[PDB]
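The structure under discussion appears below in the form of structure tokens.
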2 protein chains.
Amino acid sequence: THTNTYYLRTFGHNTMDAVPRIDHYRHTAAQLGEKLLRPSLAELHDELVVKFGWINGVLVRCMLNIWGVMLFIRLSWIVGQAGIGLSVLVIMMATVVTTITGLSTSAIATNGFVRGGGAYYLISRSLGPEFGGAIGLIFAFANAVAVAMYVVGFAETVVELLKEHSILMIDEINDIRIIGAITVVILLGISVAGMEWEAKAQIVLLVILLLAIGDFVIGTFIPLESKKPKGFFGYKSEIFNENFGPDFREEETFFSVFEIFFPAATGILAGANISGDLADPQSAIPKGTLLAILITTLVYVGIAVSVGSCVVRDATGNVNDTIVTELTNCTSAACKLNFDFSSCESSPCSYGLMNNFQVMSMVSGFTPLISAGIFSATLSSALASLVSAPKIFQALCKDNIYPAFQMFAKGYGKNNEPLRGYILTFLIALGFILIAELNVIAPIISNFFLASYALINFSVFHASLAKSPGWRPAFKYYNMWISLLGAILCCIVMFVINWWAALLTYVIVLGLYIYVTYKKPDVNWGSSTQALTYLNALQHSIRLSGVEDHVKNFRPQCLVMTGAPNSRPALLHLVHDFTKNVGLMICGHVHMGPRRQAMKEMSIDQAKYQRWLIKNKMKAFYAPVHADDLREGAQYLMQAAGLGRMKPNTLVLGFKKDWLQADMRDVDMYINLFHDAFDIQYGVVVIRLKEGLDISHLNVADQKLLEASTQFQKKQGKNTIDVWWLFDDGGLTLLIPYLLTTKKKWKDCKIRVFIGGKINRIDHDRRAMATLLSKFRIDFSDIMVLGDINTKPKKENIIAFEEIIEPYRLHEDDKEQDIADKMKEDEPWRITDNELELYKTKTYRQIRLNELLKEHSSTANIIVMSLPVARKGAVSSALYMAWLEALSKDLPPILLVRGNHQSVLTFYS
Amino acid sequence: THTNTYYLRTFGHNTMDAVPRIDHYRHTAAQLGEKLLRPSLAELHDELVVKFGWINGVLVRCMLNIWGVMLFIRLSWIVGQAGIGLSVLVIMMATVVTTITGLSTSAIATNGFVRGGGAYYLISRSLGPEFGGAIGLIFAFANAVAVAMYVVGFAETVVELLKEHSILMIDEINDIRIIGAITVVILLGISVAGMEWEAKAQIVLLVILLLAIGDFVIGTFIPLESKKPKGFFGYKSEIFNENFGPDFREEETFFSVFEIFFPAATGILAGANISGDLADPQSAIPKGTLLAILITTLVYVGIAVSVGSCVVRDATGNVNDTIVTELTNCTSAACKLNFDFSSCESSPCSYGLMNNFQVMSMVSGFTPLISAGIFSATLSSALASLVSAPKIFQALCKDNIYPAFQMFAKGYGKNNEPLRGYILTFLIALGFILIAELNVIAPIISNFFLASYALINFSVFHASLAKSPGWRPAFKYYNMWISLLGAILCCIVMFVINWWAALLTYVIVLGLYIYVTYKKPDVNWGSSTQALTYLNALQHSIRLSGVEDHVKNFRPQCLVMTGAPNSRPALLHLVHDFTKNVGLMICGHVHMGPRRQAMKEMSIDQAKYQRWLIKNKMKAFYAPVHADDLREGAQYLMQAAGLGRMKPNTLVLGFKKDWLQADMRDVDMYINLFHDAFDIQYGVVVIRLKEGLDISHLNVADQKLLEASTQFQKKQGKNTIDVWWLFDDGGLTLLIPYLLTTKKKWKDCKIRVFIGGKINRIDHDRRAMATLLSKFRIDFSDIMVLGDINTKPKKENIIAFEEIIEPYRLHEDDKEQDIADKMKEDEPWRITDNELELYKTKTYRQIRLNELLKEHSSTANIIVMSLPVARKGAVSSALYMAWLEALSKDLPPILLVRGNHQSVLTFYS
Ligand SMILES: Nc1ncnc2c1ncn2[C@@H]1O[C@H](COP(=O)(O)OP(=O)(O)OP(=O)(O)O)[C@@H](O)[C@H]1O
Ligand SMILES: Nc1ncnc2c1ncn2[C@@H]1O[C@H](COP(=O)(O)OP(=O)(O)OP(=O)(O)O)[C@@H](O)[C@H]1O
Ligand SMILES: NS(=O)(=O)c1cc(C(=O)O)c(NCc2ccco2)cc1Cl
Ligand SMILES: NS(=O)(=O)c1cc(C(=O)O)c(NCc2ccco2)cc1Cl
Ligand SMILES: [Cl-]
Ligand SMILES: [Cl-]
Ligand SMILES: [K+]
Ligand SMILES: [K+]
Ligand SMILES: [Mg+2]
Ligand SMILES: [Mg+2]
Ligand code: NA
Ligand code: NA
């Protein structure tokens, strides 16, 4: 029926359904998605500029940042004060911390597409805005200060080089400050020039540093007799054996050495912070960072061991001190080789592995080459930090976490460059350089770095804890327990060095976290915090599902038929008063009208009203439902609403005030709602107000209605709480008012109970009731026993009730049997004469109860009375409505309660 | 119509409804007559021996138990080693701990009738069986050991009194052993004699103790020169000032003094342990315990101050006197009055406050009275402990918490008295007396008492934390924070003295708690633990209700329509595999039949199936519903099931295997269930098995069906998962198999992806799909692109489909245009020729897809394929069912998935 070419066309061209394509999931505004538009379910169902590679962008950056001052200056001192083994152990511990941090970072960076800000973006998108902003501020400031520290190191090295000659301008501190200012200006200029220039400069510095390392390694293998007077002796096993072990020749300990060394391993995130300029993160960051860490650790360990195997701790440089005669009785490591480096214990000798900070330069075949290597290392580290800080700050400011800093987010040029961030970082670094004494500052910045690492590790662990299906990290060489251990180790290490610095950093982090949480920025990124919230709720619900029910653990789980949650405020607040912190509260709303529009109406209403309830401080659940009429929607809610053991057991309704001026079908639906509630074993609570409950539409009447709506919101003075417990429903009638009095807004109100008694047994019945409610431990102010019930109500009230009921009567007696049956068939709510004759006693009881309530409980703050139960099929809906209206007419706020008839009170324990 | 009578009769005689009466809430066997019967809601709605008072039962017992050895023996030593102020401080600290414990006990004992036992009953009924059993065992053993210690103290005092004369039988330790054995036998006899006899003995002992205290107080006010050589001097401000302030003569310390004194504060629970024999608790325990504590503390403090204000720390027995008309050169308090009790700073003088342990006897005006008082105090404390232990043990054994001890709950006599418990306590006490050296044992028992007190305080705090409406304590003189502070103080105090004893007691408590929780005795007391479980679930749900939705936080919340949870095991386990630990799972069951019987059936099913699910380790929720047909119940569940944000979003049901051999109305209801799910914005998952899903009714066919049911309960093995993602439904089709692979039972299985492409573009489409799913980070083992779709399926398959569809065609073309319309109206599921002509392409697509699946995925462990969506009103129900049947048949387990069409996957972070 068609050509063979047609049968081989593109799959999906003959159907509205779309094949899965990348454009369906991309949100980027690329050509507005001309063809990347997957059809919605309704449509198918409804009736008819510069990017860097991983090598240059991550590996080189991380290596340059990690290698700093200690590479050529303080490594020898560390290997001296602590033996080869102890120094290697310190290096390995720092490397372990950094490696755990790198694994966590690689895991976090392989989940989605990272945009900008290495540590900040990852931490924020994986944990939440609070932690994200706190760590962003901390890390940015730490990098800004590290820029100054590196510049100061370079300046001090150059000043020492000048002091090696006659060149000098001012005192040492002032010369250091001048050199630091000049160097920081040069670095700022280079950084502002552009990112490609920075990359080229970094490559040059890296090659210079590698040349310096190679020069040192070559020099250590070419001993010269001239260096023999100094500590250098070549590779001798005697020196290696002697240099082992912790000869702490000063007021310093192992922990102090570790603290001194640690800043040497705090450049691992240089590549990550360039995520905004990486060609392809999720493939460059992990491998580059891990390789850089491995290379730097290997170089550190090798250099430490080599320096410790070819230099003596103490060596008194003196040409006329070698030879050591011919035969010696000296057991010293130097003595075994030559007399050089002898008699140093008493007289403090010039240098050696313990007192000289230029041993690496001396060992190297070429000294100026090592000097250039030191310069390049320090400058490279400073440049990396100075580039990293503005990127993190701009990423943090783009999110508007701190509105005051929104200025430092604008970009310049083809590639968005935070020039303002660069200027701010330059200012901070220049200030800290002008201080020129960063010895005290260093522990604080080290602790800042450790806090950032620990929060990265904790973010990985937290994400692995909340088993969100979106976690799905691409990197598969991590572990939740390893990451948790890494976070704990980071905290412990930060506390080990400068405990008070650790306390200060923790205080700062906590303060920033609290500020951000209070601010609550308007943004959600799908952090693991929300996933953990859902998982915790689910686990707690599952746990509660296995708990057996007990009478003393009973709580009122009320399904309030409120319509729009804001439509009826009085009912909502009243139900909230005895439900908050005790029992569940579901606000049920039934939507009518066309299903097509009702679906969108309910979809909007869900979010709108849940947000309204949350913002209004009411701990309720919105439960929208779409149904033809109110009765069937209530049926839906009473059958399915809730989850597990947290389902409703009480139905709360507002009184149908306008039942007289309304279609009898609506009244029938109301009474049938009552009947269904009773049928499914539900407690029923009806709240009646003189003015009504609905204020959505909203003269004198409107003002009174609004006042009634707002009445149950302030402190309820102390007037009374009248409970007319006439029938034993199981105790709910008494449990409601007690829970009311248990709240602050109702504490001043006293509960006085009304019961029906015998005329000649008033005292006995009163005592029995008092004892019964004392066993229940329900405080009461007074007990009134009424013997006037069952009396005939006044003639006027009966006449009024009859006049009210006349319109809805059937008058079967005065009509033909067939006509009466036909009338009752299509109007089932009609009141039959037989039922009126049968229940004249109940009608008189309702009227007399209204009389008694008016006479006695006419000044109560709120009234709780037993709700009459009409046998289904025996009493008409109109008769039930008339009973309810007569019972509670012309009264202050009243509640009609009819419990499950299962006991909800107990005097046993 | 009625006389004056019948108008003033008892309220409630003319109605089935009952007035509230205590008989309605009493559950005791007696008083269950017709009068004390509350009518059920259905019945109203359906269509037509010795008891002690608080004084002698609690106050006297508590006072006698609290007062023990230290009252007349070591109080002087305590006031000596420490100062008056420090001794008062230790007394006040112990009293504070005991007073907080007493407040907590009175709070816990005023929350209903306490049946029997002592602290065990209160702790169990307020906290749970685990804590109850642990504390019961600990407390009973502690009381038995305390009996042993009191007997040992009495024996030691009597042995010392004998040594004061020329009376002795064997070595001191052996004589102590004989005296202790005799005393314990006498105490056991007295206790077994009854309880009234014990009360009379206790009253006699209390009178003797009061006489002894009065004798001491009288003696301290009548100084005699004979006792002047001893430390006694009468009241003198010089001695008071001298004795004020610590003087730790020996290797003692404040903490050691506190540890020595603390056992003096125990015994506050003697009255509460006789709760089963009190006239009424909730009125005797609180007041009696508090008054006893107050009186004992006042007496302790007064005696301490009096002894420290009228006796010198060091004194000499040399009657020769001192300061015989000499000059006053010494500032010692003794010199102020006379030289007596001086000059023993180097040599150890005879006795005094520091050295003598009978100063109270000497100070008193009649030593034999003080000796009798010591005897009475020790004997009364021992008797109280020996009575308390068996009561607690019997209460613990009556609950069957430890089945091995069920034999000790038996009672004897008119009043249930545990004789076996008495014998066991006597045996334990006799053994510990035979040890005769309880110095090392005292700290352990002290820590046991402290643990009991701390857990009482923690029970009060926990009850106040779980805001159960049944808490309602009658004693309104406590505080949750005060009780928590008391528990913490008890723990800290127990750890302060004998830290290793505290660790041992904590280990024992933890072990007993773990054993009880593992055993999980079948008991339900309505503890604070269950209330806290409910409250925690509610709070977590409320918190989750305020969390905004995100694509990466999406979870599959599946409303699996399974009927009876055990009826279809394969479907339940399959849904559990990709829902456990990730997303919600509600098992929906629809009940049909008469409403009256259906309600009871659903009520039974709720408990039965929730228990079955919990016992079978399935984290699902049972959701019963009563409706006329399956569609109505599914509508109920899809509209109302769930709570807050934890509500279903995916519909899972089994394939209607027997649709061909079934009424077309049922098939129409099935297809309309599909349509309703799509309309309500639900994802739909259909699971089809060759043999079916139902195994409730269950030859070869039955065996195969059972094997299919059990197939998915084991480890899958090195099979493959075939995903035919043909249409972009949002990613659910791919999300489900990934979640399957996330679990251990599906680790081996690898995901194979099938997509539709164009011939001559296979490589490009395969690369694009691989890239797209690599950005999603879902691992795959291979990607197959099929270009042979849209081709005409074999003639035989089309003929078979036509033959299958024949009995449901409308055949409108060969009709009169009126009979056809009538048939369509009567049976809307009829397949019209117009729709068949329109969707021949879709039919051929289904047939060819089945061909491709059989040819390619015939060996997959499980198949996931996109579920075709039929436009509502355009495709008949019969045609939709035929499409589904043709698409899947003669295939391994297959899942048809049609997501919400909202994206559930993302490559952004
Ligand atoms: N969607 C709904 N529409 C109307 N009433 C609802 C709805 N959902 C629950 N209800 C409950 O059913 C009752 C019906 O009252 P109705 O509006 O028929 O009489 P009314 O005198 O207008 O009441 P109100 O003063 O509350 O408007 C309300 O009090 C309300 O609590
Ligand atoms: N109360 C229920 N009664 C019947 N089916 C239900 C019910 N609740 C949910 N369902 C789902 O609807 C499907 C209807 O199956 P049906 O009663 O037609 O028997 P079937 O086609 O032989 O399949 P099965 O082997 O599951 O019985 C079931 O697979 C089941 O998953
Ligand atoms: N102690 S040091 O001179 O060898 C040293 C060495 C280095 C270094 O990077 O090797 C270093 N980096 C900057 C830094 C400080 C805190 C965190 O990072 C700082 C210092 Cl003080
Ligand atoms: N230290 S004491 O001799 O004055 C003493 C005194 C008492 C006493 O009850 O006064 C006491 N009661 C029994 C007990 C031990 C642990 C807990 O309770 C035990 C002792 Cl050892
Ligand atoms: Cl870093
Ligand atoms: Cl006690
Ligand atoms: K570094
Ligand atoms: K005691
Ligand atoms: Mg209205
Ligand atoms: Mg079936
Ligand atoms: Na560097
Ligand atoms: Na005693």
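Identifiers in the structure tokens: chain A, B, ... in order shown; residue index from 1 per chain; ligand index from 1 in order shown.
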Given a cut-off of 7 Å, what residues near ligand 3 show up using only C-alpha atoms and all ligand atoms, put as a list in words? residues 66, 67, 68, 69, 70, 71, 74, 146, 149, 150, 153, 260, 261, 263, 264, 265, 266, 439, 442, 443, 445, 446 and 449 of chain A
Show which residues sit within 6 Å of range 686-697 of chain B, as a compact mmCIF listing (two decimals) with N, CA and C atoms, in the first residue's frame. Count only C-alpha atoms, and ignore same-chain residues fewer than 5 positions away.
```
# COMPACT_ATOMS: atom_id res chain seq x y z
N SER B 567 -2.08 -12.08 47.75
CA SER B 567 -2.72 -12.75 46.62
C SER B 567 -1.79 -12.83 45.42
N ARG B 568 -1.13 -11.72 45.09
CA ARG B 568 -0.20 -11.66 43.96
C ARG B 568 1.19 -11.34 44.49
N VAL B 652 0.38 1.10 39.39
CA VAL B 652 0.91 -0.20 39.02
C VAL B 652 -0.19 -1.23 39.19
N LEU B 653 -0.47 -1.98 38.12
CA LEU B 653 -1.47 -3.04 38.16
C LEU B 653 -1.01 -4.19 37.29
N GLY B 654 -1.55 -5.37 37.56
CA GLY B 654 -1.23 -6.53 36.77
C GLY B 654 -2.01 -6.59 35.47
N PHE B 655 -1.46 -7.31 34.51
CA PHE B 655 -2.13 -7.49 33.23
C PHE B 655 -3.39 -8.33 33.39
N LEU B 705 2.43 -21.72 37.88
CA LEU B 705 2.01 -20.43 38.42
C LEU B 705 2.70 -20.13 39.74
N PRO B 893 8.99 -12.12 31.77
CA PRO B 893 8.36 -11.03 32.52
C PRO B 893 8.63 -9.69 31.87
N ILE B 894 7.57 -8.93 31.63
CA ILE B 894 7.64 -7.67 30.90
C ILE B 894 6.91 -6.60 31.70
N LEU B 895 7.44 -5.38 31.66
CA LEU B 895 6.81 -4.23 32.29
C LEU B 895 6.53 -3.18 31.23
N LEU B 896 5.29 -2.73 31.15
CA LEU B 896 4.90 -1.65 30.26
C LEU B 896 4.79 -0.37 31.08
```
Alpha helix (DSSP H) residues, from DSSP on the backbone, in range 594-764 of chain B, as a PyMOL selection string: chain B and resi 595-615+630-640+664-679+700-711+732-741+762-764
Please provide the set of residues having any atom within 12 Å of residue 361 in chain B, restricted to only C-alpha atoms, with same-chain residues fewer than 6 positions apart removed, written as number ranges by chain. B: 71-74, 76, 161, 212-213, 215-220, 227, 232, 307, 367-374
Can you tell me, as a ChimeraX atom specification, what residues are no more than 6 Å from range 108-112 of chain A when counting only C-alpha atoms, ignoring any on the same chain fewer than 2 positions away? /A:105-106,282,473-475 /B:907-909
Compile the contact shell of range 461-465 of chain B as a CSV table (one decimal) with N, CA, C and O atoms, in the first residue's frame: residues with an atom at most 12 Å away, counting only C-alpha atoms, same-chain residues fewer than 5 positions apart removed.
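Listed below is the output, result.csv:
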```
chain,number,residue,atom,x,y,z
A,552,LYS,N,-5.1,4.9,75.9
A,552,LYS,CA,-4.4,6.0,76.4
A,552,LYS,C,-3.4,6.7,75.4
A,552,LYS,O,-2.9,7.8,75.7
A,553,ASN,N,-3.2,6.1,74.3
A,553,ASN,CA,-2.4,6.7,73.2
A,553,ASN,C,-3.3,7.2,72.1
A,553,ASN,O,-2.8,7.6,71.0
A,581,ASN,N,0.1,19.8,67.7
A,581,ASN,CA,1.0,19.0,68.6
A,581,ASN,C,0.3,17.8,69.2
A,581,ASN,O,1.0,17.0,69.9
A,582,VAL,N,-0.9,17.6,68.9
A,582,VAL,CA,-1.7,16.4,69.4
A,582,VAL,C,-2.6,16.0,68.3
A,582,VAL,O,-3.7,16.7,68.1
B,100,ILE,N,13.9,14.9,93.6
B,100,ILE,CA,13.6,14.9,92.2
B,100,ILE,C,13.0,13.5,91.8
B,100,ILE,O,12.0,13.4,91.1
B,101,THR,N,13.6,12.5,92.3
B,101,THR,CA,13.1,11.1,92.0
B,101,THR,C,11.7,10.9,92.6
B,101,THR,O,10.8,10.3,91.9
B,103,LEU,N,9.4,13.3,93.2
B,103,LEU,CA,8.5,14.1,92.4
B,103,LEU,C,8.2,13.3,91.1
B,103,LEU,O,7.0,13.3,90.7
B,104,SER,N,9.2,12.8,90.4
B,104,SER,CA,8.9,12.0,89.2
B,104,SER,C,8.0,10.8,89.5
B,104,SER,O,7.1,10.5,88.8
B,105,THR,N,8.3,10.1,90.6
B,105,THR,CA,7.5,8.9,91.0
B,105,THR,C,6.0,9.3,91.3
B,105,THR,O,5.1,8.7,90.8
B,107,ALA,N,4.5,11.9,90.1
B,107,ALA,CA,3.8,12.2,88.8
B,107,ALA,C,3.4,11.0,88.0
B,107,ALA,O,2.3,10.9,87.5
B,108,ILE,N,4.3,10.0,88.0
B,108,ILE,CA,4.0,8.7,87.3
B,108,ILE,C,2.9,7.9,87.9
B,108,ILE,O,2.2,7.2,87.2
B,111,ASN,N,-1.4,8.9,87.2
B,111,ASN,CA,-1.9,8.8,85.9
B,111,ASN,C,-2.8,7.5,85.6
B,111,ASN,O,-2.7,6.9,84.6
B,122,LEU,N,5.2,1.1,87.5
B,122,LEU,CA,5.1,2.5,87.0
B,122,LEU,C,6.0,2.6,85.8
B,122,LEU,O,5.6,3.1,84.8
B,123,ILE,N,7.3,2.2,85.9
B,123,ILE,CA,8.3,2.4,84.9
B,123,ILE,C,7.8,1.6,83.6
B,123,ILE,O,7.9,2.2,82.5
B,125,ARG,N,4.7,0.6,82.7
B,125,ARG,CA,3.5,1.1,82.1
B,125,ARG,C,3.7,2.5,81.5
B,125,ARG,O,2.9,3.0,80.7
B,126,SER,N,4.8,3.2,81.9
B,126,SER,CA,5.0,4.6,81.4
B,126,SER,C,6.1,4.6,80.3
B,126,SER,O,6.1,5.6,79.6
B,127,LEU,N,6.9,3.6,80.2
B,127,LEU,CA,8.0,3.6,79.2
B,127,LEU,C,7.9,2.5,78.2
B,127,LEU,O,8.2,2.7,77.0
B,128,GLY,N,7.7,1.2,78.6
B,128,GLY,CA,7.7,0.1,77.7
B,128,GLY,C,8.3,-1.1,78.4
B,128,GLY,O,9.0,-1.1,79.4
B,454,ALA,N,17.1,7.2,88.0
B,454,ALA,CA,17.4,8.0,86.7
B,454,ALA,C,16.4,7.5,85.6
B,454,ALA,O,15.9,8.4,84.9
B,455,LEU,N,16.0,6.3,85.6
B,455,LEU,CA,15.1,5.8,84.6
B,455,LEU,C,13.6,6.2,85.0
B,455,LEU,O,12.8,6.5,84.1
B,456,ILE,N,13.3,6.4,86.2
B,456,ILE,CA,12.0,6.9,86.6
B,456,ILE,C,11.9,8.4,86.1
B,456,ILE,O,10.9,8.8,85.5
B,470,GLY,N,-3.3,11.2,76.8
B,470,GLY,CA,-3.6,10.4,77.9
B,470,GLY,C,-2.6,10.5,79.1
B,470,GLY,O,-2.7,9.9,80.1
B,471,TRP,N,-1.6,11.4,78.9
B,471,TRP,CA,-0.6,11.7,80.0
B,471,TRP,C,-1.3,12.2,81.2
B,471,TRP,O,-1.3,11.5,82.3
B,472,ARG,N,-2.0,13.3,81.2
B,472,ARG,CA,-2.9,13.8,82.2
B,472,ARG,C,-2.6,13.4,83.6
B,472,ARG,O,-3.4,12.9,84.3
B,473,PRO,N,-1.3,13.7,84.1
B,473,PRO,CA,-1.0,13.4,85.5
B,473,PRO,C,-1.8,14.2,86.4
B,473,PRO,O,-2.1,15.4,86.2
B,478,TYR,N,5.4,18.9,89.2
B,478,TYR,CA,6.6,18.4,88.6
B,478,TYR,C,6.9,19.3,87.4
B,478,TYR,O,6.3,20.3,87.1
B,479,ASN,N,7.9,18.9,86.6
B,479,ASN,CA,8.3,19.6,85.4
B,479,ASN,C,9.2,18.6,84.6
B,479,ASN,O,10.0,17.9,85.1
B,480,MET,N,9.0,18.7,83.3
B,480,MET,CA,9.7,17.8,82.4
B,480,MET,C,11.2,18.2,82.4
B,480,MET,O,12.1,17.2,82.5
B,481,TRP,N,11.6,19.4,82.5
B,481,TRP,CA,13.0,19.8,82.5
B,481,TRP,C,13.6,19.5,83.9
B,481,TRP,O,14.7,19.1,83.9
B,482,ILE,N,12.8,19.7,84.9
B,482,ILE,CA,13.3,19.3,86.3
B,482,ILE,C,13.6,17.8,86.3
B,482,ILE,O,14.6,17.3,86.8
B,483,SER,N,12.7,17.0,85.7
B,483,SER,CA,12.9,15.5,85.7
B,483,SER,C,14.1,15.1,84.8
B,483,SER,O,14.8,14.2,85.2
B,484,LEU,N,14.3,15.8,83.7
B,484,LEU,CA,15.4,15.5,82.9
B,484,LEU,C,16.7,15.8,83.6
B,484,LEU,O,17.7,15.1,83.6
B,485,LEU,N,16.7,17.0,84.3
B,485,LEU,CA,17.9,17.3,85.1
B,485,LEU,C,18.1,16.3,86.2
B,485,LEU,O,19.3,15.9,86.5
B,486,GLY,N,17.0,15.8,86.8
B,486,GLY,CA,17.2,14.8,87.8
B,486,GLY,C,17.8,13.5,87.3
B,486,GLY,O,18.6,12.9,87.9
B,487,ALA,N,17.3,13.1,86.1
B,487,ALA,CA,17.9,11.9,85.5
B,487,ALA,C,19.4,12.1,85.2
B,487,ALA,O,20.2,11.2,85.4
B,488,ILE,N,19.7,13.2,84.6
B,488,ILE,CA,21.1,13.5,84.3
B,488,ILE,C,22.0,13.5,85.6
B,488,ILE,O,23.1,13.0,85.6
B,526,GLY,N,0.4,0.8,76.0
B,526,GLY,CA,0.3,2.2,75.6
B,526,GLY,C,1.3,3.0,76.3
B,526,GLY,O,1.0,4.0,77.0
B,527,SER,N,2.6,2.7,76.0
B,527,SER,CA,3.7,3.4,76.6
B,527,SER,C,4.0,4.8,75.9
B,527,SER,O,3.5,5.0,74.9
B,528,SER,N,4.9,5.6,76.5
B,528,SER,CA,5.3,6.8,75.9
B,528,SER,C,6.1,6.6,74.6
B,528,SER,O,6.1,7.5,73.8
B,529,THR,N,6.6,5.4,74.5
B,529,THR,CA,7.4,5.1,73.3
B,529,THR,C,6.5,5.1,72.0
B,529,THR,O,6.9,5.7,71.0
B,530,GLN,N,5.3,4.5,72.1
B,530,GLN,CA,4.4,4.5,71.0
B,530,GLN,C,3.9,5.9,70.7
B,530,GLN,O,3.8,6.3,69.5
B,531,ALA,N,3.5,6.7,71.7
B,531,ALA,CA,3.1,8.0,71.5
B,531,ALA,C,4.2,8.9,70.8
B,531,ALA,O,3.9,9.6,69.9
B,532,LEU,N,5.4,8.7,71.3
B,532,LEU,CA,6.5,9.4,70.6
B,532,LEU,C,6.7,9.0,69.2
B,532,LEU,O,7.1,9.8,68.3
B,533,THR,N,6.6,7.7,68.9
B,533,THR,CA,6.6,7.2,67.5
B,533,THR,C,5.6,8.0,66.7
B,533,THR,O,6.0,8.5,65.6
B,535,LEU,N,4.2,10.8,67.3
B,535,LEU,CA,4.5,12.3,67.2
B,535,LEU,C,5.6,12.6,66.3
B,535,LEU,O,5.6,13.5,65.5
B,536,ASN,N,6.7,11.7,66.3
B,536,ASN,CA,7.8,11.9,65.4
B,536,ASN,C,7.4,11.7,64.0
B,536,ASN,O,7.8,12.5,63.1
```
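CA of residue 643 in chain B lies 19.3 Å from CA of residue 616 in chain A.
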Select the residues contacting ligand 11 at a distance of at most 9 Å, based on only C-alpha atoms and all ligand atoms, then format the selection as number ranges by chain. A: 61-69, 71, 150, 205-206, 209, 267, 374-384
So which one's closest to ligand 4, B:99, B:834, B:256, B:338? Using only C-alpha atoms and all ligand atoms, please. B:256
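The spacing separating CA of residue 899 in chain B from CA of residue 729 in chain B amounts to 4.9 Å.
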Can you pull out the residues contacting residue 24 in chain A? Cut-off 6 Å, using only C-alpha atoms, and skip same-chain residues under 2 positions away; I want them as a list in words.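 Those residues are residues 21, 22, 26, 36, 37 and 38 of chain A.
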Could you name the residues that touch residue 188 in chain B at 8 Å or less, counting only C-alpha atoms, but leaving out those on the same chain fewer than 6 positions away, as a PyMOL selection string? chain B and resi 386+422-423+426
Run DSSP on the backbone and grab whatever in range 576-803 of chain B lands in strand (DSSP E); send it over as an NGL selection string. :B and (585-591 or 621-626 or 650-654 or 683-688 or 720-724 or 750-756 or 782-786)
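Closest approach to chain A among B:59, B:585, B:173, B:508 is made by B:585 (distances from only C-alpha atoms).
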Point-to-point distance from CA of residue 136 in chain B to CA of residue 196 in chain B, Å rounded to tenths: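 One can read the CA of residue 136 in chain B to CA of residue 196 in chain B distance as 25.3 Å.
Remark: for residue 79 in chain A, the closest of the candidate residues A:301, A:852, A:30, A:887 is A:301 (distances computed over only C-alpha atoms).
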